[PDB]
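Index from 1, following the sequence. Note that ligands are numbered from 1 as they come in the structure, with each ligand's atoms numbered from 1 the same way. Both backbone and side-chain heavy atoms feed into the values below; hydrogens, waters and symmetry mates do not.
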Amino acid sequence: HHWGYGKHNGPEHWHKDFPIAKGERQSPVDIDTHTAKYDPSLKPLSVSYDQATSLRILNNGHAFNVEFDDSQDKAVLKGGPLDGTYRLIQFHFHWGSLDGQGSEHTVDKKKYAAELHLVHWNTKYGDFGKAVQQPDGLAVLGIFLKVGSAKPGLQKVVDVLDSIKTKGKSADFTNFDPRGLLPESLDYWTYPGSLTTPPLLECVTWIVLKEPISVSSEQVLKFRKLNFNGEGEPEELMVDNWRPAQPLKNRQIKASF
Ligand SMILES: NS(=O)(=O)c1c(F)c(F)c2c(c1F)N(Cc1ccccc1)CCS2(=O)=O
Ligand SMILES: [Zn+2]
């Protein structure tokens, strides 16, 4: 009876195994755009992905992960609200069963069809496992997806999904350029939060871009053909793998714009 996204084991249950679920800096949150404070001291976000080395794509039973070589400063995030430098380790998405839901963060209560999370760890802590034990260990760049025109830079991801249909499948995934997943603008909101998945550790500086990307109905439908189950088990479609908005508590969301 492990955690997941169902009636039986979903977000409302997670606190029993992970009591930090009811903590002071949980994610995601609703971004109230009128209440977010413009902070003129925030810097532009520096996204340096030209040397990124993707390795592999994995169905981990909850979503799919595109993993990168993070054994040197290749692909890094810095600037914005961050001190020092954060290395890209992986990205993944959360998405819905319907185009009207799927994102984890919301904007004035609006849900997007999906949300991309690019996960980075603070190189001062040496490895990802040490970083997640620190309040400033991770920086996650979140990007909303709306359904409209296709995102050409997503199609390589879309096209490999049939090879990792079920939990625990993995495929070589080299030479993928994550720059093709970014919107035009790097304007952002930021706040201190958590992993949105168990173990829900309060280690993340969230940076959520204002501008969504557009993906086609066909691209998101292929996400929804993935399976949460392993091969040889009954099919349960990988949809609605998002945590809802959590209480903001004693936090301020800052805007770079
Ligand atoms: N959502 S998030 O950005 O806070 C988040 C995160 F910051 C992580 F560091 C990691 C997450 C992760 F979600 N996952 C990926 C996942 C997606 C969906 C269901 C389970 C796991 C597992 C691997 S991880 O790299 O440790
Ligand atoms: Zn995520």
Side-chain angles (χ1 to χ4, degrees), residues 2-6 9-11 13-14 17-18 20-21 23 25-29 54-70 75 77 82 86-96 101-106 111-123 125 127-145 157 161 164 166-170 173 178 181 188 190-209 223-224 226-230 236-246:
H2 282 302
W3 74 266
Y5 292 95
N9 66 357
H13 292 271
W14 292 351
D17 279 329
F18 305 95
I20 199 173
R25 59 173 281 182
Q26 288 289 295
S27 293
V29 297
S54 62
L55 289 176
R56 188 174 76 137
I57 191 171
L58 172 69
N59 178 334
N60 70 2
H62 306 286
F64 64 86
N65 300 324
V66 173
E67 296 161 357
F68 289 80
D69 170 21
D70 63 345
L77 183 71
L82 304 171
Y86 293 67
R87 196 169 294 177
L88 178 67
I89 181 166
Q90 64 107 270
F91 69 76
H92 62 274
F93 301 79
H94 308 258
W95 62 90
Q101 63 198 58
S103 67
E104 294 207 306
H105 293 89
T106 56
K111 293 175 169 82
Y112 289 87
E115 190 173 329
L116 165 59
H117 288 161
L118 296 128
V119 178
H120 314 72
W121 55 273
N122 193 327
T123 62
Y125 300 124
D127 68 67
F128 175 86
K130 293 311 171 317
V132 298
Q133 303 176 65
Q134 318 304 323
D136 59 350
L138 291 190
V140 183
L141 179 60
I143 306 181
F144 295 119
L145 280 61
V157 171
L161 298 179
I164 57 152
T166 52
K167 179 170 171 200
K169 297 201 78 219
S170 49
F173 203 70
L181 297 177
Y188 63 87
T190 184
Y191 72 97
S194 74
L195 306 181
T196 70
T197 55
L200 300 170
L201 295 171
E202 291 182 334
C203 60
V204 180
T205 302
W206 276 96
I207 299 167
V208 178
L209 293 192
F223 286 23
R224 302 183 185 127
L226 287 166
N227 285 180
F228 286 129
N229 55 281
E236 185 61 4
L237 293 180
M238 188 179 277
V239 294
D240 293 320
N241 57 357
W242 51 278
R243 191 191 194 187
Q246 301 300 307

Exercise. Flag the pair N60 / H92 as yes when at least one side-chain heavy-atom distance between them is below 4.5 Å, and no otherwise.
Key: no
Practice problem: Compare all side-chain heavy atoms of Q133 with those of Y125 and state whether any distance is below 4.5 angstrom. | Solution: no
Go through the structure and list residues passing side chain to side chain contact (heavy atoms under 4.5 Å, CB included) with [X], not counting sequence neighbours.
| X | value |
| --- | --- |
| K111 | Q101, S103, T106, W242 |
| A113 | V147 |
| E202 | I20, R25, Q26, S194 |

Quiz item: Are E104 and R243 ion-paired here, with the side-chain N under 4.0 Å from a carboxylate O?
Solution: no
Which pairs of N or O atoms, one from ligand 1 and one from the protein, are separated by less than 3.5 Å, and what is the distance for each pair?
| unit_1 | atom_1 | unit_2 | atom_2 | d |
| --- | --- | --- | --- | --- |
| ligand 1 | 1 (N) | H92 | NE2 | 3.3 |
| ligand 1 | 1 (N) | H94 | NE2 | 3.3 |
| ligand 1 | 1 (N) | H117 | ND1 | 3.3 |
| ligand 1 | 1 (N) | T196 | OG1 | 2.8 |
| ligand 1 | 3 (O) | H117 | ND1 | 3.4 |
| ligand 1 | 4 (O) | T196 | N | 3.0 |

Quiz item: What is the NE2(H94)-the Zn ion (ligand 2)-ND1(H117) angle, to the nearest 10 degrees?
Solution: 100°
